[PDB]
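Before any questions on binding or motion, here is one chain by itself as structure tokens, the form deposited in one PDB entry.
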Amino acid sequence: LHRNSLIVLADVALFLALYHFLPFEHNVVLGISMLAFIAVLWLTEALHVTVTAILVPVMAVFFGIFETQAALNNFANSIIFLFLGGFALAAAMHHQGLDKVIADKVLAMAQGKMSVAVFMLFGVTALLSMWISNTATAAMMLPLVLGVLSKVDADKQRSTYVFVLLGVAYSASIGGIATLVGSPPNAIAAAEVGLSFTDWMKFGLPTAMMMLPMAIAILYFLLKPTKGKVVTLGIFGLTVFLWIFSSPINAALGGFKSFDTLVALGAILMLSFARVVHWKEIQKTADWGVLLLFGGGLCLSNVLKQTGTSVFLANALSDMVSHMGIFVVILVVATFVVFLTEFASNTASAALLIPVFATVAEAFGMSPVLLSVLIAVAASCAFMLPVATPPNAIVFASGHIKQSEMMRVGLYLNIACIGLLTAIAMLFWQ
């Protein structure tokens, strides 16, 4: 506060302002004033991300857009649960100390000292993050990353943090795509368009395994150089096997309608029956307010719809768009890759935009998928400043940080991103 406290107030004014004049049509007035109002709180963060989320539904309902239980049922949506057991799988894989060994194992696999070790770290960050979490994975990775440079002290110069520490934060964010879980933007794409685990994986996984080298290499030239729980490991693999091949498997049992969730809910089940994780540790590791957030953004979408806003937008958007894209259109949306670097919460960014862009592509009768993936894949591309995203913050503390060296470097990457994404987006468009 009082900043945040007033901003809300400013935003209430903004709403009342739009709501009361903005003549248009009443139910579009609603959608817009609401759209804008929520557009603010989630950008910045004037309230907490999760609060505004819980704000969304009560604002439908009152205003009569929905009825309480229907507005609420948004939270029960299946991807949320897919995500929930994503968390569970991590939580277990942590508390049994599986990740600890992975790094200890792959790092030490580097044999001697430094040279290769650094890159090892990068991969293990990306691989590990694929599954666990960005910040979490970055945080955990950081202390091992300091250990690798000790006799590597180097008042001169860049290796200690610039590169390796900065590399890590970046790897942490890159393999954050590549899997529907996590980070949460992927989840929110998936919720919106109804992607399967492997559906999303088809896109991210490769985009990730290119953007990674591209990033580290860009990074390189602008700097440089100098135990019984296998059950967990196995339960992990089966759950992931079940996810990839979900299609034939589900096909082959009949049904099943959102298999990937049952596969996931199926993990927490086998994990807790196998006695390899306690629910306390699930409940802690689980970010309950992202799951809450998912539903917020789902409710938003249905608001944009019932209200008529999502169609109105596309109407007004029409003449303009028919002239430009899709190649200019996706260059341009992919240019909100620059936009997760300013106040982000890539989550809250994704939370805001995907509903808007997917549900307009719907009144144009194209697939909400392309934009919805891209927007989400772009939001994870946040580099160039702490913060967000937090892995940046994580690395920014301690040894020879930069603050303008992030700034420089993150610019050449963020661009080779906006380029690389536009590139791929175009290919899958064939």
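In this text, rigid core is short for the largest set of C-alphas that superpose within 1.5 Å between two forms. Sequential numbering from 1, following the sequence displayed.
Keep in mind that the form deposited in another entry is not shown, yet the notes after this line are about it.
inquiry  = To test your reading of the superposition: with the rigid core aligned, which of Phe245, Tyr220, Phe343, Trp288 moves its Cα by 2 angstroms or more between this form and the one not shown?
reply    = The only residue crossing the 2 Å threshold is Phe343.
- Item | Core superposition between this form and the one not shown, C-alpha change of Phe197 at least 2 Å | No, the C-alpha moves less than 2 Å.
Problem set entry | Did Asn73 shift 2 Å or more between this form and the one not shown, C-alpha, core superposed | It does not reach a 2 Å shift.
**Prompt:** Can a Cα shift of no less than 2 Å be assigned to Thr359 between this form and the one not shown, given superposition on the rigid core?
**Reply:** No.
- Query: Closer or farther apart in the other form, the C-alpha atoms of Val395 and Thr160, for a change of 3 Å or more?
  - Reply: Farther: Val395 and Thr160 separate by 3 Å or more in the other form.
- Query: Quick one: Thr341 and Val303 C-alpha atoms, closer or farther in the other form compared with this form (3 angstroms or more)?
  - Reply: Relative to the displayed form, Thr341 and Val303 draw closer in the other form - a change of at least 3 Å between their C-alphas.
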